[PDB]
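This document starts with one chain, in the form solved without uracil, laid out as C-alpha cells.
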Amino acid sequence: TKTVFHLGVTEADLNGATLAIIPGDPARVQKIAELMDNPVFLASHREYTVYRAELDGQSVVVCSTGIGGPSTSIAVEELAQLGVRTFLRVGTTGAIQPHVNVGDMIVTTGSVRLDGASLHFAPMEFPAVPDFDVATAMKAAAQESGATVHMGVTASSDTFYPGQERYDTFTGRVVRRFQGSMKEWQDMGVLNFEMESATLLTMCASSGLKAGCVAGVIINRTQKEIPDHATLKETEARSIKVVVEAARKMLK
C-alpha cells in the first residue's frame, strides 16, 4: 500500500477521490464530511484529520491543513501523491474593507504573497491565482446561499500578528516592512487577511492542481476584534454548506 509520511492514509483509503475540501481546523473536518453521504473517519495525526465521504456518488476527501502555508503544503502534496487533483479551501476571515460586512463571503481571485512557502514552488513574480473553474463554482455556490459575495484579492500572511499589522501584542512593535501595510492593502483594494491562500494557490497553480478559496467574514478589522457568537456560528455553518455545493459543481 502506497503511504504518505504525515497524513496516515493510503490511496485505497480515499476510494478514488480526486477532490479534497481542506479546512484549517481539524475539528471542522467531521462537520464538513457529515454534509455529504457515508462519511468515514480515516486518520488523525498532528493537525491532520482526514475523512472520506460521497457526493453525488463520487468519493471526496476532507482533510485539515493546520494554520499556515508550511503545514498546508504537506497536506496538499501528500493528497496529490494519493491522486487528489482539486483542492477547495474553506474557512473564516477578517475583512479590511469598510464595505465588506461581517457575515459576507469572499472568494479569492488572487493572493498577496506575504508568506514563505509559496517561494518554494515558484518565484515571487508568479501569481498566486486560483483555478478559474474552482473560483467560478465557489462564487455560484456562495451566491446561491443568499450571502453577499465579494470577489477579489486577499493578503496571505505567515503571521497572525505583525504581518496583519496588529499592535496589541507582547512587544507592540511591527517591523518596518509591515508598518502602514494594512492601509496600503486597503488602498489597493485588498479585501481581507488570512494565512494559507498564497501557499495553496501558488503551489497548485504551478503544479497542475486546481485550487480555490472561499471564506466567511467573521470580523472586520475597521470595527472590532471580538465576534458575536450567534453571528459567527451562522457564518461558519453557511461557509461549509457553500464549499460542499462548490464541490458538487466541480464534480458535475
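Rigid core: the largest C-alpha set superposing within 1.5 Å between the two forms. Only residues modelled in both forms are compared. Don't overthink the numbering: it's just position in the shown sequence, from 1.
Keep in mind that the form deposited with uracil bound is missing from the display, and what follows is about it.
- Out of the listed residues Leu42, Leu209, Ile218, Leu35, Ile218 is the one that sits within 4.5 Å of uracil in the entry with it bound by at least one heavy atom.
- Contact with uracil in the entry with it bound, defined as a heavy atom within 4.5 Å, holds for exactly one of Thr86, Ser111, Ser118, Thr92, namely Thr92.
- Within 4.5 Å of any heavy atom of uracil in the entry with it bound lies no heavy atom of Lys139.
- Taking non-hydrogen atoms only, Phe132 never approaches uracil to within 4.5 angstroms in the entry with it bound.
- In the entry with it bound, no heavy atom of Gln97 sits within 4.5 Å of uracil.
- Taking the partner from elsewhere, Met203 is found to have every heavy atom lying beyond 4.5 Å of uracil in the entry with it bound.
- Contact annotation for 182-208: residues with any non-hydrogen atom within 4.5 angstroms of uracil in the entry with it bound are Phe193, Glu194, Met195, listed in sequence order.
- Once the core is superposed between the shown form and the other one, every option in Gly68, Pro39, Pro26, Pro227 stays below 2 Å in C-alpha shift except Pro227.
- Expansion of the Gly146-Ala230 CA spacing by 3 Å or more is recorded in the entry with it bound, set against this form.
- Here is what shifts between the shown form and the other one when you lay the two on the core: just one run of at least 3 residues, every Cα off by 2 Å or more, at 224-232.
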